[PDB]
Asker: 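I have a structure here, written as structure tokens, and I will follow up with some questions on it.
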Amino acid sequence: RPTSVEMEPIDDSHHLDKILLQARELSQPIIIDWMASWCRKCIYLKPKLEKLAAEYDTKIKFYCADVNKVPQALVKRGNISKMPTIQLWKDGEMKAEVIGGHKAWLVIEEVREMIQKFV
């Protein structure tokens, strides 16, 4: 098992479609970290999300999307209004989310609670 797993960037809406089709084949959820590079809490959360991703290696794939870099159509799929927003998707749709803007460890514990409900 790795100690940290890097989040995979989502390129566009078509990539999200392929990601969700792959997740459906495996009967697994996915996590998407919707972030911005100017957002201090997003940046500080990254290493802690990568350690959490390693805990779920082979069980849940973790992705990220930079809301200023990706196409607007992809951001609309997420229905994002604040960053960081950590969403759990399963069966082709967003099932639940966590909004950051707190200390990173505490965001992770809330994300873990969300994961445990749906995995």
Side-chain angles (χ1 to χ4, degrees):
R1 188 189 294 282
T3 59
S4 189
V5 166
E6 295 190 75
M7 290 183 277
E8 178 170 349
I10 306 179
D11 298 345
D12 53 26
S13 295
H14 178 67
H15 189 192
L16 177 58
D17 290 339
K18 291 190 291 186
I19 284 162
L20 295 169
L21 278 155
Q22 179 63 76
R24 194 178 279 285
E25 179 191 88
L26 296 177
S27 293
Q28 289 179 2
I30 65 158
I31 288 285
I32 307 171
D33 169 27
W34 298 98
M35 59 76 72
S37 63
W38 47 261
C39 174
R40 307 172 272 281
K41 289 190 171 69
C42 292
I43 297 306
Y44 311 153
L45 183 63
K46 186 180 163 177
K48 298 206 167 52
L49 277 170
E50 294 188 341
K51 171 180 171 66
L52 184 67
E55 293 171 31
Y56 289 97
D57 182 50
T58 84
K59 300 294 179 259
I60 306 178
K61 296 195 180 71
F62 281 56
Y63 299 93
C64 60
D66 183 321
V67 298
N68 292 109
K69 293 211 298 280
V70 303
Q72 157 57 351
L74 174 59
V75 181
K76 191 181 181 176
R77 299 281 303 267
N79 191 24
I80 308 303
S81 62
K82 296 292 174 177
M83 287 70 62
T85 291
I86 309 304
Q87 300 184 325
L88 186 143
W89 289 57
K90 196 173 189 184
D91 303 321
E93 67 174 14
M94 182 266 283
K95 292 297 197 185
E97 71 185 10
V98 171
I99 308 306
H102 292 274
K103 256 269 172 174
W105 72 270
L106 179 46
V107 172
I108 292 296
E109 291 308 305
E110 190 177 348
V111 172
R112 185 192 314 285
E113 187 90 349
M114 173 176 67
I115 288 169
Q116 288 297 117
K117 183 172 185 202
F118 293 100
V119 76

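Position 1 is the first residue of the sequence; numbering continues from there.
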Asker: Run the side chain to side chain contact (heavy atoms under 4.5 Å, CB included) check on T85 and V67 step by step: do they pass?
Answerer: CA-CA 11 Å; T85 291; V67 298; over 6 Å; no
Asker: Hey, what do you get for CD1 (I115) to CD1 (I108), rounding to the nearest 0.5 Å?
Answerer: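 It is 8.0 Å, given to the nearest 0.5 Å.
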Asker: Going by the rule side chain to side chain contact (heavy atoms under 4.5 Å, CB included), which residues pair with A73 if we only count those two or more places apart in sequence or in a different chain?
Answerer: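 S13.
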Asker: Other members of the hydrophobic cluster containing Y44, with the 4.5 Å side-chain heavy-atom rule, please.
Answerer: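 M35, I43, listed by chain and number.
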Asker: Check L16 against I10 and note the closest heavy-atom contact, atom names and distance.
Answerer: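 Shortest heavy-atom contact: N-CG2, 4.0 Å.
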Asker: List for me each residue that meets side chain to side chain contact (heavy atoms under 4.5 Å, CB included) alongside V70, sequence neighbours excluded, and say none if there are none.
Answerer: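 Here the qualifying residues are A65, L74, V75.
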Asker: Return all side-chain donor-acceptor pairs below 3.5 angstrom for residues 47-58, not counting sequence neighbours, or 'none' if the list is empty.
Answerer:
{"unit_1": "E50", "atom_1": "OE2", "unit_2": "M7", "atom_2": "N", "d": "3.2"}
{"unit_1": "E55", "atom_1": "OE1", "unit_2": "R112", "atom_2": "NH1", "d": "2.8"}
{"unit_1": "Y56", "atom_1": "OH", "unit_2": "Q116", "atom_2": "OE1", "d": "2.7"}

Asker: Which residues pass the side-chain hydrogen bond (donor to acceptor under 3.5 Å, both in side chains) test with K18, not counting sequence neighbours?
Answerer: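 Applying side-chain hydrogen bond (donor to acceptor under 3.5 Å, both in side chains) to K18 gives none.
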Asker: Within a reach of under 6.0 Å around CD of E109, are more than 12 heavy atoms found that belong to other residues, nucleotides or ligands?
Answerer: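 Yes, CD of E109 has more than 12 neighbouring heavy atoms, counting only those of other groups under 6.0 Å.
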Asker: Going only through I, L, V, M, F, W and Y residues with side-chain contacts under 4.5 Å, is there a path from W89 to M114?
Answerer: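 The answer is no; the residues belong to distinct hydrophobic clusters.
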Asker: Can you pull the salt bridge (charged side-chain N to carboxylate O under 4.0 Å, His left out) pairs that have at least one residue in residues 19-44, sequence neighbours excluded?
Answerer: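 Sorted pair list comes back empty.
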Asker: Between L45 and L106, is there shared hydrophobic-cluster membership here, with clusters defined by ILVMFWY side-chain heavy atoms closer than 4.5 Å?
Answerer: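 No, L45 does not connect to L106 through the hydrophobic network.
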Asker: According to a 4.5 Å side-chain heavy-atom criterion applied to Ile, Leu, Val, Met, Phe, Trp and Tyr, with indirect links allowed, do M94 and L88 form part of one hydrophobic cluster?
Answerer: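 Looking at the clustering, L88 is in a separate group from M94.
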Asker: By the salt bridge (charged side-chain N to carboxylate O under 4.0 Å, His left out) test, which pairs, at least two apart or in different chains, include something from residues 94-108?
Answerer: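 Of all non-adjacent pairs touching residues 94-108, those that pass salt bridge (charged side-chain N to carboxylate O under 4.0 Å, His left out) are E93-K95.
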Asker: Got a sec, which residues hit side chain to side chain contact (heavy atoms under 4.5 Å, CB included) with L26, two or more places apart in sequence or on another chain?
Answerer: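 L26: side chain to side chain contact (heavy atoms under 4.5 Å, CB included) contacts with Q22, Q28, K61.
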Asker: With no hydrogens and no angle check, is any side-chain donor or acceptor of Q87 less than 3.5 Å from a backbone partner on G78?
Answerer: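 Here the side-chain-to-backbone pair exists.
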Asker: Under the side chain to side chain contact (heavy atoms under 4.5 Å, CB included) test, which residues partner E8, sequence neighbours left out?
Answerer: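 Per chain and number, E8 pairs via side chain to side chain contact (heavy atoms under 4.5 Å, CB included) with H15, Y63.
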Asker: Is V5 linked to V111 within one hydrophobic cluster, defined over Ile, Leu, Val, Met, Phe, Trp and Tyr using a side-chain heavy-atom separation of less than 4.5 Å?
Answerer: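 Each belongs to a different hydrophobic cluster.
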Asker: Which pairs, with at least one residue in residues 74-88 and sequence neighbours excluded, count as a salt bridge (charged side-chain N to carboxylate O under 4.0 Å, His left out)?
Answerer: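 Salt bridge (charged side-chain N to carboxylate O under 4.0 Å, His left out) check on residues 74-88 returns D17-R77.
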Asker: Taking all non-hydrogen atoms of both residues, which atom of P29 and which atom of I60 are closest, and how far apart?
Answerer: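 Here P29 and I60 meet closest at O-CG2, 3.6 Å.
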Asker: Test of understanding: with side-chain hydrogen bond (donor to acceptor under 3.5 Å, both in side chains), list the residues that count as partners of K59, not counting sequence neighbours.
Answerer: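 Per chain and number, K59 pairs via side-chain hydrogen bond (donor to acceptor under 3.5 Å, both in side chains) with no residue.
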Asker: Who are the side-chain hydrogen bond (donor to acceptor under 3.5 Å, both in side chains) partners of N68, not counting sequence neighbours?
Answerer: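 Here the qualifying residues are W38.
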Asker: Please round to the nearest 0.5 Å and tell me the distance separating atom CD1 of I30 and atom CG of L20.
Answerer: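 Interatomic distance, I30 CD1 to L20 CG, rounded to 0.5 Å: 5.0 Å.
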Asker: Return the CG to SG distance between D66 and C42, rounded to the nearest 0.5 Å.
Answerer: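 Answer rounded to 0.5 Å: 8.5 Å.
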Asker: Looking only at non-hydrogen atoms, find the nearest pair between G101 and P84 and report the distance.
Answerer: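 For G101 versus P84, the nearest heavy atoms are N-CD, 4.0 Å.
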Asker: If you compare all heavy atoms of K90 against all heavy atoms of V119, which two are closest, and at what distance to 0.1 Å?
Answerer: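 Heavy-atom minimum between the residues: NZ-O, 4.1 Å.
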